[PDB]
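A, B, ... follow the sequence lines: proteins, then strands. Residue 1 opens every chain. Atom set for the values below is all heavy atoms of this structure, side chains included, hydrogens, waters and symmetry mates excluded.
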Amino acid sequence: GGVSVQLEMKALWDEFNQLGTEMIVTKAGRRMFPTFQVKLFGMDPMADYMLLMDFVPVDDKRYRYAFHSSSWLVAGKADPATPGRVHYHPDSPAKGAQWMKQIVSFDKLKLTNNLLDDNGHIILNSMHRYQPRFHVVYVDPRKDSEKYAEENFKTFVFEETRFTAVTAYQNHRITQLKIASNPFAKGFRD
Amino acid sequence: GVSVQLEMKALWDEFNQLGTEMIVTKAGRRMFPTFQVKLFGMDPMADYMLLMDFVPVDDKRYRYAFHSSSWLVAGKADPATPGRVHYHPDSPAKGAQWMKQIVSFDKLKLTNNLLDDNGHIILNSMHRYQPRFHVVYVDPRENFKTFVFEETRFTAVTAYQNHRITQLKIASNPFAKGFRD
DNA sequence: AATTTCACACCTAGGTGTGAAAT
DNA sequence: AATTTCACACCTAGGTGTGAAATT
């Protein structure tokens, strides 16, 4: 367990977290912003690794945004859990030297509210809080089967990456930051 | 017992009849048409490596004569370019994975820069090349098969010589739609 | 020269939030 | 109501040939 992970764009994640991060969710699938990007350290260069991402609920409560007080409040009890989906990195599996070579970005990752989705996108319930988790798994390609044991995986949880899944932005301050930092939203600047 | 089917065969043969030309730039240029294949007779449990390589057709330099609208031998071929091993991005993969859908080499770029380090194929302008496709059976400790489609042979150029080639590239490549009509 | 390189307009492809409309 | 979906304009990103200019 000597593998180290460094979250890229930490300052941007913390700026969003202070406001209370919101992530748009659609039927077709929406990319996260900011993109979850990491730097890998202490891996064996000859060993083959699988890089994974999963989303875990923060609490069992449904949220509501009050525009009068500009804050999030508990609306009621959480809706039933969404069918569990996982997202492997497109380059997985790959050698330890390949992962440590450059920053690993989960830019192809998409969030959806469609419970019946078959496009490999992450299914999330709108107005609920989620915690993105990052997993490094050691895998032997000569073996046709894979499973989880205590010594074959490591989980990395960055508290600043937690967000609320929404269909439209609630906090206007979040929209302002998304517009100002995401290049695809440059047409809305000024 | 492995069988390979060249996709877009009709488009390749139409280009070959005119004498296929591929643009070559410093930055790297995609081939048009894209080399796409269908795999058959592979073992679904066996691991395979899929490769692409370019071999010179002859040891001659070519020149296009606009008066007669034909290719002629200009002189002797330039020295061979620095060759490297080119694997499909998904290689290695199981036999069932390769046979599942059409295999394409769309991210494949041709360059005339001898000092290139971006993993692109280095070629000499005004020379005839033959693209070859390889299927290699991964063994823990013959397995090497080569598929050569004669219709995929082309002349590497910096600018199109035959106006008929340009016309076909414009008419069939979606990125050249702005030049239609 | 005869051949090669450059900025450029114009495509494809797909990622943005907007504000109306819909549920 | 409070929340979700739709067409849309406007971006980024990157693949085209064009015609001018340049070039061991």
Participant: Identify all side-chain donor-acceptor contacts of residues 183-190 of chain A below 3.5 Å with residues at least two apart in sequence or on another chain.
Facilitator:
residue, atom, partner, partner atom, Å
A/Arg189, NE, A/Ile179, O, 2.7
A/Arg189, NH2, A/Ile179, O, 3.0
A/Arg189, NH2, A/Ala180, O, 3.2
A/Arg189, NH2, A/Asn182, O, 3.0

Participant: Test side-chain contact (heavy atoms from CB on, under 4.5 Å) on A/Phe16 and A/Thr161; report intermediate values, then the result.
Facilitator: CA-CA 9 Å; A/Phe16 270 110; A/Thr161 62; over 6 Å; no

Participant: Pull out every protein N or O sitting under 3.5 Å from an N or O of nucleotides 21-23 of chain C, one pair per line with the distance.
Facilitator:
none

Participant: Which heavy atom in B/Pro33 sits nearest to a heavy atom in B/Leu11, and how many Å separate them?
Facilitator: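 Looks like CB-CD2, 4.1 Å.
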
Participant: Who pairs with B/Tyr137 by ring pair (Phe, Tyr, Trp, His ring centres under 6.0 Å), at least two apart in sequence or on another chain?
Facilitator: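 B/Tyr137 satisfies ring pair (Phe, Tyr, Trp, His ring centres under 6.0 Å) with B/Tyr48 only.
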
Participant: What pairs with B/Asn118 under side chain to side chain contact (heavy atoms under 4.5 Å, CB included), at least two apart in sequence or on another chain?
Facilitator: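 Applying side chain to side chain contact (heavy atoms under 4.5 Å, CB included) to B/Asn118 gives B/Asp116, B/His120.
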
Participant: Work out which heavy atom in A/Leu115 is nearest to a heavy atom in A/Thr82; give both atom names and the distance.
Facilitator: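 Of all heavy-atom pairs spanning A/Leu115 and A/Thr82, the closest is CD2-CG2, 3.8 Å.
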
Participant: Any chance you could lay out the side-chain contact (heavy atoms from CB on, under 4.5 Å) test for A/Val137 and A/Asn152, step after step, and finish with the verdict?
Facilitator: CA-CA 6 Å; A/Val137 198; A/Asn152 82 314; 3.9 Å; yes

Participant: For a stem of at least 3 consecutive Watson-Crick or G-U pairs with distances under 3.5 Å, i pairing with j, i+1 with j-1 and so on, which stems involve DNA chain D?
Facilitator: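 Stems found: C:2-23 with D:2-23.
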
Participant: So does B/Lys109 get a side-chain nitrogen or oxygen closer than 4.0 Å to the phosphate oxygens (OP1/OP2) of D/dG15?
Facilitator: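 Checking B/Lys109 against D/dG15: at least one side-chain N or O falls below 4.0 Å of OP1 or OP2.
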
Participant: Can you tell me if B/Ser91 uses its side chain to pair, donor with acceptor, with the backbone of B/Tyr87 under 3.5 Å?
Facilitator: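 No.
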
Participant: B/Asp106 CG to C/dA13 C1': how many Å, rounded?
Facilitator: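 Rounding to the nearest Å, CG of B/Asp106 and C1' of C/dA13 are 13 Å apart.
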
Participant: Which of residues 13-22 of chain B sit near DNA chain C, with a heavy atom under 4.0 Å from it?
Facilitator: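 Residues of residues 13-22 of chain B that come under 4.0 Å of DNA chain C do not exist, since none gets that close.
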
Participant: Taking only residues at least two apart or on different chains, which pairs with a member in residues 12-24 of chain A satisfy side-chain hydrogen bond (donor to acceptor under 3.5 Å, both in side chains)?
Facilitator: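 Applying side-chain hydrogen bond (donor to acceptor under 3.5 Å, both in side chains) to every pair that reaches into residues 12-24 of chain A, excluding sequence neighbours, yields nothing.
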
Participant: Regarding A/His87 and A/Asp54, is there a side-chain donor-to-acceptor distance under 3.5 Å anywhere?
Facilitator: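 Distance-only check fails for A/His87 and A/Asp54.
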
Participant: Can you list the residues that meet the ring pair (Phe, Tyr, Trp, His ring centres under 6.0 Å) rule with A/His89, with sequence neighbours excluded?
Facilitator: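 Ring pair (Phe, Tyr, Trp, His ring centres under 6.0 Å) check on A/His89 returns A/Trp99, A/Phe106.
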
Participant: Return the polar atom pairs (N/O with N/O) between nucleotides 1-4 of chain D and the protein under 3.5 Å, or none.
Facilitator:
residue, atom, partner, partner atom, Å
D/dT4, OP1, A/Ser126, OG, 3.4
D/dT4, OP2, A/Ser126, OG, 2.6
D/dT4, OP2, A/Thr167, OG1, 2.6
D/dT4, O5', A/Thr167, OG1, 3.4

Participant: Please look at the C1'-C2'-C3'-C4' dihedral of D/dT16 and say whether its sugar is north or south.
Facilitator: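 North (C3'-endo side).
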
Participant: To check you understand the geometry: which heavy-atom pair defines the closest contact between A/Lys178 and A/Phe33, and what is its length?
Facilitator: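 Smallest interatomic distance, heavy atoms only, reads NZ-O, 2.6 Å.
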
Participant: Looking only at atom types and distance, does a side-chain atom of A/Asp48 sit under 3.5 Å from a main-chain N or O of A/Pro141, one as donor and one as acceptor?
Facilitator: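 Not confirmed, A/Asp48 side chain does not pair with A/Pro141 backbone.
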
Participant: Pick the nucleotide of DNA chain C nearest each of B/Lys26 and B/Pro174; which residue has the one closer to the 5' end?
Facilitator: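 The 5'-side residue here is B/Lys26.
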
Participant: Could you list, one pair per line, each protein nitrogen or oxygen that sits under 3.5 Å from a nitrogen or oxygen of nucleotides 16-19 of chain C, together with the distance?
Facilitator:
residue, atom, partner, partner atom, Å
C/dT16, OP1, A/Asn182, ND2, 3.1
C/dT16, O5', A/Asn182, ND2, 3.4
C/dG17, OP1, A/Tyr169, OH, 2.7
C/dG17, OP2, A/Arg30, NH2, 3.0
C/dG17, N7, A/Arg30, NH2, 2.9

Participant: Enumerate the side-chain hydrogen bond (donor to acceptor under 3.5 Å, both in side chains) contacts for residues 24-35 of chain B, please, sequence neighbours excluded, ordered by first and then second residue.
Facilitator: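 side-chain hydrogen bond (donor to acceptor under 3.5 Å, both in side chains) check on residues 24-35 of chain B returns no pairs.
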
Participant: Taking OP1 and OP2 of D/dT12, is either one under 4.0 Å from a side-chain nitrogen or oxygen of A/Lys186?
Facilitator: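 A/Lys186 to D/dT12 OP1/OP2: side-chain N or O found under 4.0 Å.
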
Participant: Is it the case that the side chain of A/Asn113 and the backbone of A/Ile123 share a donor-acceptor pair, with hydrogens and angles ignored and the cut-off at 3.5 Å?
Facilitator: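 No: the side chain of A/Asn113 does not pair with the backbone of A/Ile123.
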
Participant: Would you list the pairs meeting side-chain hydrogen bond (donor to acceptor under 3.5 Å, both in side chains) in which at least one residue belongs to residues 100-109 of chain B, sequence neighbours left out?
Facilitator: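 Checked against side-chain hydrogen bond (donor to acceptor under 3.5 Å, both in side chains) - neighbours excluded - the pairs reaching residues 100-109 of chain B are B/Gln97-B/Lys100, B/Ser104-B/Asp106.
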
Participant: Decide between north and south for C/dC11, the convention being positive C1'-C2'-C3'-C4' for north and negative for south.
Facilitator: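 Because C1'-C2'-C3'-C4' is positive here, the pucker of C/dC11 counts as north.
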
Participant: Which is true for B/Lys107 with a 4.0 Å heavy-atom rule: it touches a base, it touches only sugar-phosphate, or it touches nothing?
Facilitator: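 The residue B/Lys107 makes no contact with any strand.
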
Participant: Could you check D/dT18 and say if its sugar is north or south from the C1'-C2'-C3'-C4' sign?
Facilitator: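 Negative torsion, so south.
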
